[PDB]
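Here is the structure we will look at, set down as structure tokens.
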Amino acid sequence: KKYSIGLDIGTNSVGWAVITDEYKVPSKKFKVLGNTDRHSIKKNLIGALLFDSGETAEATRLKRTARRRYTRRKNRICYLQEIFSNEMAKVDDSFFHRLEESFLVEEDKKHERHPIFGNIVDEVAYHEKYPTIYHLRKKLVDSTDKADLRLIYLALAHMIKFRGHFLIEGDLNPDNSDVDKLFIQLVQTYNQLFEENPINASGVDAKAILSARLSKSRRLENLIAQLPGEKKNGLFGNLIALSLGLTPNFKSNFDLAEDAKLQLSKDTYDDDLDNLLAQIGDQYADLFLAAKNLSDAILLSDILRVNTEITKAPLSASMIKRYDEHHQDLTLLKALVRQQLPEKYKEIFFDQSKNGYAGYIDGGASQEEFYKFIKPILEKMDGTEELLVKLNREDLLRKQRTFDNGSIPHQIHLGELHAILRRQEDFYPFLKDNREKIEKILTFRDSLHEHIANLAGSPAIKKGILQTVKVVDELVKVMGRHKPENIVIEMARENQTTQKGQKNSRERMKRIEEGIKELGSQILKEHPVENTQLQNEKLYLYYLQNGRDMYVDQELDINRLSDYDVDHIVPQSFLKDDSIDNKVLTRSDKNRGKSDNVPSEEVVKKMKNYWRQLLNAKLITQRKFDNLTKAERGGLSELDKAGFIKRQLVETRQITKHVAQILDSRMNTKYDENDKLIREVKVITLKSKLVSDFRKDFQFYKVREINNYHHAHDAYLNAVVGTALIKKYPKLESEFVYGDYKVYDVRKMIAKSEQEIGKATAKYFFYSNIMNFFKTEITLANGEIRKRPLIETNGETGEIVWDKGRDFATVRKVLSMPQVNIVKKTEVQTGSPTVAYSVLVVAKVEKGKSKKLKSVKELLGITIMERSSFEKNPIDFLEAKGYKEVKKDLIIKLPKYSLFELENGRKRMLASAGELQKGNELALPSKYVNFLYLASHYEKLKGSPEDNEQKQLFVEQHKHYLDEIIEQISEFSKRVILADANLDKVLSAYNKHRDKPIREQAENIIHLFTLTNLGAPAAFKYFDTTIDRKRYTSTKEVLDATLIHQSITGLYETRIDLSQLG
RNA sequence: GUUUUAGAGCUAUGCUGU
RNA sequence: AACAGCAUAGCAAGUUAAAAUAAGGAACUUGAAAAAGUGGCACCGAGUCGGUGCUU
């Protein structure tokens, strides 16, 4: 019908949900297979999937290769031959036959040994007049005389063999060229991916500093001599060092225990990069990928100082100049060494043993070794002017080919192709006809698996992408091959692992330190605060503010933190951002004025001076002070409004764009009479902050530890928000919906007056905050509350979008729904013996002294050295192992984590051949979940005072809710886990500590949820007592149990009963 | 970075041979 | 004499291109495999999902 699917892709889960126009989750029926009679079943459309990482055939069939690029080359040269064949059979004669047979010696040629034309004359003359290829190419470029079709063929083959990369899309231009703008892009990406400890480059002419002709060390040092805040050992210093050709290290910045050396010119680059990334984390995979575009530009600048003409390759001019210089130095050096200092001449030009000059040209000698060897002679030689500096400048006797013929955009090549074709349009009639096609093939650049492998990242995300694609295909096949109207994609942020929770504290500690030493106030001396206390927002802002209120000149008291209030410089009605850059402290928020704009001018005039000594201390940023004094330049403008719109609705991560492109290409396939792509399935991408604030605002709280439902919860919410946005603002689709859409402007979205023009024009909105229509009342910065219509409808078509009374109840029901599927992906592992996978075998064994045989079933563990021999002849294998009369048909392969269930619906998970794991999940009511979260967050409410006090009364009324949650876990434990002594200790301790404060009770109940937690048994702590794990050694009760084959998503289930077999 | 083939080497001396 | 192969003693000089790449001491069905397929529709309820109607 009308429906949608949200997704949330991470390293540990894939969520999925299905909604309708009213935002209801359908509930349907599916068939049951197996051997019992549990025919009736019915499920929801909400679930999640989990898989464990590790080396596996899946992890290998997503690897890196080259043979494929090589065969791409062979098919493209074959295509060249295909194009040339017909017109040569129509122009040349034995042209093609002689060129293929070139390896044969002069007794079986059956033709003439001169492949150029057929005479001995041209042959040597060819390279005599065209020694370096650039001669030939330049000749075609600026020559109007006739040429040989075969020489054009060879030249064209050369340019396509060395074509380049595709790291930049579109035609070349200053936007995607030059140096300074790319440096600006790098610093902007750094300053975006961090919120802390920034770097400001105010109009530094980076091109003149980086493109200057210096050594590989001095060019690094040159910019490092600026940017005071950073050091050469910093991450930025390592980045800039990497993007020139040195060998930096990656140890100290990421605190790793293994040395990491990486170099772009080195062949093994990507393998080291992805190993590093999979070690550290995938959020940082946007800082190295912005230096591979700066090093390319820098090398282009280094090679192309020249550009005498316009219709030439400046690289070609530079290269031919280099060859001429190489010849000239050949002659001079030759003369000097042979004449002036006659000895050692053989040692330099003929020895070839210690890699002299001839050894460097012909032998396996390297440039650095050659320079080291030739240093002493040049040092001790007389008349060495104009030579020594160019030695360590690396510009002596340079080969025309080095490690820099990859860094090379294909636009220069295609432009020279176009120039050559234009020069020779008419002589060959097919050149004009097929110029478009040859351009198309030489610019032209697979399958779903190959595209998934194409993204540069750790294998975890790639596995997640593959599983996402399979989940999408399954979901679209459930609904009768009907395509959706909206599919939101949203990335799952990784929660802090308590390691990065300290590093940010250290960074803000550095901030407060540098401010305190720059200014000189003894705030730290009067009050000692450590990083465990920097986590307090009000305290850290108090230290940021030196201890003085900014709207009124008076010192702030320390121990009256309850009375103070936190405000926003930008009112939340205009923009929703809560970070430190837009949070300040004051006695009361009533000093801002009576307007809704940035604060009044009457305040800034008084404490301008205070704000200068705040800003020059580097403790606040330029953008922060810009928002502080936004009122002096007129106020809010259309450019600023569009800026906030784009910051709130437009993404910056390219990997999300990549996966969105993958799904858009995979699903959207229909076309029209023209060559336009009919985009019937829209793909919408959002940030996490929207859903986070939605939950925080409308009290749909989420807890992660209780069970695995939160992934699917976020999956539902994201699609819910996305459909409302697309249905509310159709014209803003070009901002977040992917595709080549029609651009728009800033004048049509912004009105002139709030109440005098709002709701009186076709224009959408006036307040810059997009998410205001989610709410029912909009609070202003002055205390006035606005009223929104009960039913929200689109003014253009006339269709409703939002129902206040129905949608909230439906969403609350969806969150309170108790039956949500979770599934663990079963896989076979590929690659103190280790068991690859166990087997189930029925056979006859000897029990007693008379060797009397009886048929049994036992769990035998095949080792990793044994699986192939098991495959070849399991009958005699098991006969040698100790079994007799094995049933080949009844032998069933069992991998790790196979689902077994017993009476009363209890489920068990297999861990090894002699141990077991839990296999059931707890379901808890939404009200109890809410109470648990609120009790855990009594001090960390981080909300308005009225909401906070209402919540604490809510907590303190329902003191019995503790009693029936302890009850709830008790009967469930007695039902399933059967750990009697353990329940005995837990309830004894609980009755012991009944009267202790509700807070301290809360997190310890959360800890006690570990017994019901899914996975291997694990120890935990109560208030003061410890509980040790109870391994499930017995493996007999699984013999009469039942096998349930749980699917990839949980939709289809088939159950096999082990009691009937054997 | 690796392996072969084709890019007529010259002058003066001596040697074997067809 | 011409030429091939040798022992000299000196003099003039370098970057392109096809080829090669691994004997290394979830569950089910048809198919070797690439790959094809397998699980009905509405209503009222809601403790791991239940009931009713139509229809395979």
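Ligands are numbered from 1 in the order shown, chains are lettered A, B, ... in the order of the structure tokens, and residues start at 1 in each chain.
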Counting only C-alpha atoms (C1' of nucleotides), which residues from chain A have an atom at most 10 Å from any atom of chain B, and could you show them as a ChimeraX atom specification?
-> /A:102-105,113-114,123-124,127,364-366
Show me which bits of chain A are within 7 Å of chain C, counting only C-alpha atoms (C1' of nucleotides), as an MDAnalysis selection string.
-> chainID A and resid 30:31 42 361 399:401 819 825:826 1045:1048 1054
Please produce a file of those selected residues containing C-alpha atoms, as a PDB file, in the first residue's frame.
ATOM      1  CA  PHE A  30       3.372 -16.362   7.911  1.00  0.00           C
ATOM      2  CA  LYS A  31       3.510 -20.106   7.316  1.00  0.00           C
ATOM      3  CA  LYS A  42       1.931 -14.232  13.772  1.00  0.00           C
ATOM      4  CA  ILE A 361      71.079   3.860 -14.923  1.00  0.00           C
ATOM      5  CA  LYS A 399      64.260   9.792 -15.216  1.00  0.00           C
ATOM      6  CA  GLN A 400      61.269  10.834 -17.287  1.00  0.00           C
ATOM      7  CA  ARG A 401      59.214   8.195 -15.425  1.00  0.00           C
ATOM      8  CA  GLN A 819       7.002  -8.364  20.879  1.00  0.00           C
ATOM      9  CA  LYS A 825      23.341 -14.457  12.260  1.00  0.00           C
ATOM     10  CA  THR A 826      24.553 -18.056  12.120  1.00  0.00           C
ATOM     11  CA  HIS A1045      16.359 -22.775  12.487  1.00  0.00           C
ATOM     12  CA  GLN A1046      16.127 -19.019  13.037  1.00  0.00           C
ATOM     13  CA  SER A1047      16.292 -17.033   9.817  1.00  0.00           C
ATOM     14  CA  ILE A1048      18.356 -14.033   8.725  1.00  0.00           C
ATOM     15  CA  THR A1054      11.512 -24.106  10.719  1.00  0.00           C
TER      16      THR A1054
END
So which bits of stretch 283-430 of chain A end up alpha helix (DSSP H) when you DSSP the backbone, as a ChimeraX atom specification?
-> /A:292-303,314-339,345-349,357-362,367-380,388-392,410-423,429-430
For atom CA of residue A:784 and atom CA of residue A:641, determine how far apart the two atoms are, in Å to one decimal place.
-> 22.1 Å
One decimal, Å: what's the distance from atom CA of residue A:494 over to atom CA of residue A:724, could you say?
-> 26.7 Å
Work out how far apart atom CA of residue A:596 and atom CA of residue A:790 are and give it in Å to one decimal.
-> 25.2 Å
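For stretch 341-583 of chain A, the set of residues given strand (DSSP E or B) by DSSP on the backbone reads residues 409, 486, 487, 488, 489, 490, 491, 548, 555, 565, 566, 567, 568 and 583 of chain A.
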Could the residues in this selection be written to a file with N, CA and C atoms, as a PDB file, in the first residue's frame?
ATOM      1  N   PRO A 409      45.130  13.652 -13.192  1.00  0.00           N
ATOM      2  CA  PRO A 409      43.737  13.686 -13.647  1.00  0.00           C
ATOM      3  C   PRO A 409      43.636  13.375 -15.130  1.00  0.00           C
ATOM      4  N   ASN A 486       9.366   6.052   0.476  1.00  0.00           N
ATOM      5  CA  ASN A 486      10.392   6.747   1.238  1.00  0.00           C
ATOM      6  C   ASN A 486      11.237   5.716   1.971  1.00  0.00           C
ATOM      7  N   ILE A 487      12.558   5.874   1.897  1.00  0.00           N
ATOM      8  CA  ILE A 487      13.499   5.004   2.595  1.00  0.00           C
ATOM      9  C   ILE A 487      14.582   5.862   3.232  1.00  0.00           C
ATOM     10  N   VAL A 488      14.473   6.095   4.530  1.00  0.00           N
ATOM     11  CA  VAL A 488      15.435   6.934   5.232  1.00  0.00           C
ATOM     12  C   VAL A 488      16.668   6.111   5.577  1.00  0.00           C
ATOM     13  N   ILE A 489      17.835   6.746   5.509  1.00  0.00           N
ATOM     14  CA  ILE A 489      19.100   6.146   5.912  1.00  0.00           C
ATOM     15  C   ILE A 489      19.730   7.050   6.960  1.00  0.00           C
ATOM     16  N   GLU A 490      20.227   6.451   8.037  1.00  0.00           N
ATOM     17  CA  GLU A 490      20.773   7.209   9.151  1.00  0.00           C
ATOM     18  C   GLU A 490      21.841   6.370   9.832  1.00  0.00           C
ATOM     19  N   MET A 491      23.001   6.971  10.081  1.00  0.00           N
ATOM     20  CA  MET A 491      24.120   6.239  10.658  1.00  0.00           C
ATOM     21  C   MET A 491      23.986   6.153  12.174  1.00  0.00           C
ATOM     22  N   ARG A 548      32.642  35.522  35.875  1.00  0.00           N
ATOM     23  CA  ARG A 548      31.937  36.792  35.784  1.00  0.00           C
ATOM     24  C   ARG A 548      30.796  36.671  34.788  1.00  0.00           C
ATOM     25  N   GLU A 555      30.978  39.527  39.715  1.00  0.00           N
ATOM     26  CA  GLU A 555      31.508  38.183  39.890  1.00  0.00           C
ATOM     27  C   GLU A 555      30.396  37.205  40.251  1.00  0.00           C
ATOM     28  N   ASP A 565      20.846  29.961  35.847  1.00  0.00           N
ATOM     29  CA  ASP A 565      20.143  29.392  34.710  1.00  0.00           C
ATOM     30  C   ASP A 565      21.048  29.397  33.486  1.00  0.00           C
ATOM     31  N   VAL A 566      20.829  28.427  32.604  1.00  0.00           N
ATOM     32  CA  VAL A 566      21.591  28.294  31.368  1.00  0.00           C
ATOM     33  C   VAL A 566      20.738  28.808  30.217  1.00  0.00           C
ATOM     34  N   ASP A 567      21.317  29.678  29.397  1.00  0.00           N
ATOM     35  CA  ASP A 567      20.621  30.291  28.278  1.00  0.00           C
ATOM     36  C   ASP A 567      21.316  29.938  26.971  1.00  0.00           C
ATOM     37  N   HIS A 568      20.712  30.387  25.875  1.00  0.00           N
ATOM     38  CA  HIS A 568      21.253  30.214  24.536  1.00  0.00           C
ATOM     39  C   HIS A 568      21.421  31.581  23.891  1.00  0.00           C
ATOM     40  N   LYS A 583      26.346  28.003  24.396  1.00  0.00           N
ATOM     41  CA  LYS A 583      25.820  27.971  25.751  1.00  0.00           C
ATOM     42  C   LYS A 583      26.655  28.892  26.622  1.00  0.00           C
TER      43      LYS A 583
END
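Distances from A:333, A:115, A:443, A:380 to residue A:165 were compared using only C-alpha atoms, and the smallest one belongs to A:443.
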Neighbour list for stretch 702-708 of chain A as a VMD selection string, cut-off 12 Å, only C-alpha atoms (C1' of nucleotides), skip fewer than 6 positions in-chain | chain A and resid 12 to 15 46 to 50 495 691 to 692 694 to 696 714 717 815 to 816 818 to 824 920 to 934 936 to 937 969 1003 1005 to 1015
Can you pull out every residue within 6 Å of stretch 238-248 of chain A, counting only C-alpha atoms (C1' of nucleotides), but drop anything in the same chain fewer than 4 positions away, and send it as number ranges by chain?
-> A: 263, 291, 295
Residue contacts of residue A:236 (12 Å, only C-alpha atoms (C1' of nucleotides)) excluding same-chain residues fewer than 5 positions away, as a ChimeraX atom specification | /A:183,186-187,189-191,197-199,220,223-224,227,229-231,241-243,248,250,253,287-288,290-291
